[PDB]
């Protein structure tokens, strides 16, 4: 139900600014927020053309519209206002907000240099997360400023935090995917900054509802005043947050996480600070990408060393199998190739168990089980019990596996094993709950992670797939 709600066309804004829609062609007013008259101090009804009279910035706007710069910004000093417009197809969407009480742009610039210094310093990622979380908590002045890292299921967990102490510390906690639904995650991938200064605000409509130029409702994906999904506002109430301001951390065109800010009282944030909070969220995004690409390479090369040794060992050996387990050197490498505590090489009824494997009978029952599934190339799981309950009786030694068929449906198998790792995912409220209205309970929750191994990396899987290739070629050669 949640996934289906269109959050980008509320036909309404928040109370803390005004909105004016006008046509590229002649800058004629097509739509407007009802409160516009309050900020602009001018009526200009639907059909009216904007002139140097009503809008003294009309000259610099017309200029910006012909240019490439994707967003407009003007300080209406005359009226103490921060103007800002963007392009939506053939439309120009003007947003007006009260300017922030003179902040040092040098101070902003400053703390945006300590990050830029600490970032290119190339220290621990955890440090960088906190050393960004902090500067944002500094320049914003919210009661709580957490960095939030999405996992692959689209749950996330808090990996850094700053805050006065006026709001509870959520550090180290999982929240479920449904808390930031798909259409929300997507919107935040392309619009990297959002603010809700008062949660109890009264939604200001846009009239007409239907833009006369396009013929549809106004698309508000890039409207920074856009009125937020009511269902989220209840969430914020249940959490005891009057204000919030989140920034998207996008790494390689995918949403990595959020810099999320919250306040116990209502809280606003100047156009400038918002623009420095995105800068910090970008600066970090660069670091993260490099940290991730450098970690992968440095693993890929590491595993590469092992595979080059095993590849040479199998070629050099007569029976070849003793290239994989001919001595302590070969056996330890087979296990290090994928970062596994044990492995089983099965050639019909010719079983070989290296390191710490389940019993010969448990592997037999497992290979028949696999055969029943449609396993092409490799099959990898860090929780075997999920699909194979029987495995729950050797989770201690084999909670995760990487399994590969070697012979064309002739019961040949190389299977790696990884023990149970007892984790306590300390959740943030009960995740499974479905009220769907959001949950009132945010009381710290705890479930034990039973019969689940430390997870397989993409390099590990890639190293395994290459070894399959290495073997198949020789097993087809010797057959």
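Residue numbers count along the first chain shown, from 1.
Asker: Scan the PDB entry between residue 435 and residue 436 and report the missing deposited residues as one of none, 1 to 3, 4 to 9, 10 or more.
Answerer: Gap between residue 435 and residue 436: 4 to 9 unmodelled residues.
Asker: Check the entry's C-alpha temperature factors for 91-99 and 122-130, then say which stretch has the higher mean.
Answerer: Looking at the record's C-alpha B-factors, the answer is 122-130.
Asker: Report the stretch with the higher mean CA temperature factor, choosing between 108-116 and 358-366 on the basis of the entry.
Answerer: So the stretch with the higher mean C-alpha B-factor is 108-116.
Asker: From 50, 63, 444, 32, which pick has the Cα B-factor that tops the rest in the entry?
Answerer: By C-alpha B-factor in the record, 444 ranks first.
Asker: What's the residue among 70, 28, 451, 59 with the greatest CA temperature factor in the PDB record?
Answerer: Going by the entry's C-alpha B-factors, 451 comes out highest.
Asker: Place residue 379 in the lowest, middle or highest third of its chain's C-alpha B-factors, as listed in the PDB entry.
Answerer: Answer is middle: the recorded C-alpha B-factor places it there.
Asker: Could you say whether, by C-alpha temperature factor, residue 390 belongs to the lowest, middle or highest third of its chain?
Answerer: Top third by C-alpha B-factor.
Asker: Test of reading the entry: by CA B factor among the chain's modelled residues, which third contains residue 165?
Answerer: It falls in the top third of the chain.
Asker: What third of its chain, lowest, middle or highest, does the C-alpha temperature factor of residue 414 fall into?
Answerer: For residue 414, whose C-alpha B-factor we compare with every modelled residue in the chain, the answer is the lowest third.
Asker: What third of its chain, lowest, middle or highest, does the C-alpha temperature factor of residue 317 fall into?
Answerer: Ranked within chain, residue 317 CA B lands in the highest tercile.
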